[PDB]
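Right, one structure below, let's go through it.
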Amino acid sequence: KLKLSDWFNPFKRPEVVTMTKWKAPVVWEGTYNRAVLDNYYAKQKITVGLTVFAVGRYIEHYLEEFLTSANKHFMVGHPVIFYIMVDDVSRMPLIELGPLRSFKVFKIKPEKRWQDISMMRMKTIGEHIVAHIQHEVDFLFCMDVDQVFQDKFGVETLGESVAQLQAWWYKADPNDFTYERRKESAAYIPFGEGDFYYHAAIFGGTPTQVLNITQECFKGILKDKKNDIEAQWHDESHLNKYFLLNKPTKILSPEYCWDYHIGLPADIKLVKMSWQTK
Ligand SMILES: O=c1ccn([C@@H]2O[C@H](COP(=O)(O)OP(=O)(O)O[C@H]3O[C@H](CO)[C@H](O)[C@H](O)[C@H]3O)[C@@H](O)[C@H]2O)c(=O)[nH]1
Ligand SMILES: OC[C@H]1O[C@@H](O[C@H]2[C@H](O)[C@@H](O)[C@H](O)O[C@@H]2CO)[C@H](O)[C@@H](O)[C@H]1O
Ligand SMILES: [Co+2]
């Protein structure tokens with residue numbers, strides 16, 4: 001059916017990494033033919049899902065900007081369902097959605113520690129994949145709420161398993177990655193090992209793969225807590241361990257999740273999504 005040559009040309013971005021040793025593309029602005037993919041996926045009649053959690057003061061503020069920008073830039077041309085997880089549903093703001101967009105809201109019990117809020121996402125996402133999302137969408141993205149779409153974030157990002165390159169580390173040496181380095185943690189990665197440092201603010205894939213991502217991360221979170229240890233960067237450490245062992249079939253460049261606090265080097269041609277201030 002579809003082959004990499006049909007839509008992806010790595011040679012259009014020669015100054016950056018565009019392919020991995022396991023044959024996965026790194027999608028940079030200029031390398032992809034979105035028109036070919038729009039037509040390809042429209043034939044298939046796909047629906048894309050997007051989960052976001054919002055707890056505490058995050059609820060009304062970031063969520064409005066996130067959803068407003070998402071409705072504007074996320075997978076335009078194809079049906080989308082927004083899955084919104086909140087602790088108090090009263091905080092859910094009213095965002096008018098465009099054609100073929102809808103949403104569902106669920107009330108979640110907020111955890112005590114800010115670290116468990118972020119990590120408990122993994123369990124909750126898996127539960128809703130089994131309960132309904134596996135029957136509602138063909139691809140699924142899970143995103144932090146404290147970020148904002150800036151340009152088209154389209155079907156060029158879809159794949160079996162999708163990882164995001166952390167903007168601060170994509171040109172760094174693996175020995176400088178902030179992996180979990182304690183052998184006692186399930187997320188342990190030795191020095192000299194690792195392909196990239198992936199950002200936990202964006203990951204996706206088919207519901208099947210996302211279930212495995214979130215189930216395996218959650219089990220590592222669980223094993224760690226039972227040994228009274230918490231990974232350096234919590235779920236992100238476990239996600240990086242997971243993608244080390246289970247290579248993503250597609251990687252998104254830092255253009256798809258950029259921190260302007262870095263600046264704007266020549267590598268970043270067109271930002272599709274940017275961090276919010278932390
Ligand atoms: O009080 C809270 C805490 C967390 N969150 C949710 O958890 C996400 C992660 O928290 P932050 O965005 O505040 O922190 P970071 O930018 O440091 O998050 C990054 O590091 C985390 C681990 O520390 C996770 O790996 C996360 O996926 C990754 O984007 C938020 O986007 C939000 O969706 C809330 O809604 N409210
Ligand atoms: O290292 C993972 C961690 O990165 C944070 O980003 C830091 C970055 O690591 C640091 O080099 C730079 O000086 O400041 C950035 C902003 O604090 C992310 O904020 C965090 O979520 C993790 O992804
Ligand atoms: Co964040």
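As a basis for the values below, the full set of heavy atoms in this structure was taken, side chains included, without hydrogen atoms, waters or symmetry mates. Numbering of ligands and ligand atoms starts at 1, following listing order. When a residue number appears, it is its place in the shown sequence, counting from 1.
Using a 4.0 Å cut-off between heavy atoms, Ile117 contacts ligand 1 through its side chain alone, with no backbone atom that close. Heavy atoms of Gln147 found under 4.0 angstrom from ligand 1: none, in either backbone or side chain. In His234, the part holding a heavy atom less than 4.0 Å from any atom of ligand 1 is the side chain. At a heavy-atom cutoff of 4.0 Å, ligand 1 is contacted by both the backbone and the side chain of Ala201.
At least one cation-pi condition fails for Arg101 and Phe82: the charged atom is not both under 6.0 angstrom from the six-membered ring centre and inside a 45 degree cone around its axis. Remark: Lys104 is not positioned above the aromatic ring of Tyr83, lacking an NZ or CZ atom under 6.0 angstrom from the ring centre and at most 45 degrees off the axis. At least one test fails for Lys171 against the ring of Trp169: distance under 6.0 Å to the centre or angle within 45° of the axis.
Relative orientation of the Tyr170 and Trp258 rings is perpendicular, given thresholds of 30° and 60° on the angle between their planes. Classified by interplanar angle (parallel below 30°, tilted 30° to 60°, perpendicular above 60°), the ring pair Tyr198/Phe243 is perpendicular.
Inspection of the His78 and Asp38 side chains reveals an N or O donor paired with an N or O acceptor under 3.5 Å. Inspection of the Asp259 and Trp168 side chains reveals an N or O donor paired with an N or O acceptor under 3.5 Å.
Remark: ligand 1 atoms within the under-4.0 Å shell around heavy atoms of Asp235 are 21 (C), 22 (C), 24 (C), 25 (O), 26 (C), 27 (O). Applying the 4.0 Å criterion to heavy atoms of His199 picks out, from ligand 1, the atoms 29 (O). Within the listing of ligand 1, atoms 11 (P), 12 (O), 13 (O), 16 (O), 31 (O) sit less than 4.0 angstrom from a heavy atom of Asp146. Near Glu236, the atoms of ligand 1 lying under 4.0 angstrom from a non-hydrogen atom of the residue are 25 (O). Below 4.0 Å from some heavy atom of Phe53 lie the following atoms of ligand 1, by number and element: 32 (C), 33 (O), 35 (O).
As for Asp144, its N/O/S atom nearest the Co ion (ligand 3) is the one called OD2.
For ligand 1, the polar-atom distance check finds no N/O of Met143 at less than 3.5 Å from any of the ligand's N/O atoms. Remark: ligand 1 and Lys278 share an N or O pair separated by less than 3.5 Å (distance only, no angle test). Considering backbone and side-chain atoms together, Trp114 places no N or O closer than 3.5 Å to any N or O of ligand 1.
The pair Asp151-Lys72 does not count as a salt bridge, with every side-chain nitrogen at least 4.0 angstrom from each carboxylate oxygen. Checked for salt-bridge contact, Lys250 and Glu156 miss the test: no charged N lies under 4.0 Å from a carboxylate O. Between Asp146 and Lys278, at least one side-chain N (NZ, or NE/NH1/NH2) sits under 4.0 Å from a carboxylate O, which counts as a salt bridge. With respect to the salt-bridge test (charged N to carboxylate O, under 4.0 angstrom), the residues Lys241 and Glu193 do not qualify. The pair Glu180-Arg182 meets the salt-bridge criterion, with a side-chain N (NZ, NE, NH1 or NH2) lying under 4.0 Å from an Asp/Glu carboxylate O.
Qualifying ring-ring contact (aromatic ring centres under 6.0 Å, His included) partners for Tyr41, counting only residues two or more places apart in sequence or in other chains: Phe139.
Residue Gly56 places every heavy atom at 4.0 Å or more from ligand 1.
Between the choices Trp233, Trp275, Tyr58, the shortest heavy-atom distance to atom 2 (C) of ligand 1 belongs to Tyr58.
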Between ligand 2 and the protein, which N/O pairs fall short of 3.5 Å?
residue	atom	partner	partner atom	Å
ligand 2	1 (O)	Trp169	NE1	3.4
ligand 2	1 (O)	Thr178	OG1	2.7
ligand 2	4 (O)	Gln166	NE2	3.1
ligand 2	9 (O)	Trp169	NE1	3.4
ligand 2	23 (O)	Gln166	NE2	3.1
ligand 2	23 (O)	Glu236	OE1	2.8
ligand 2	23 (O)	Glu236	OE2	3.3

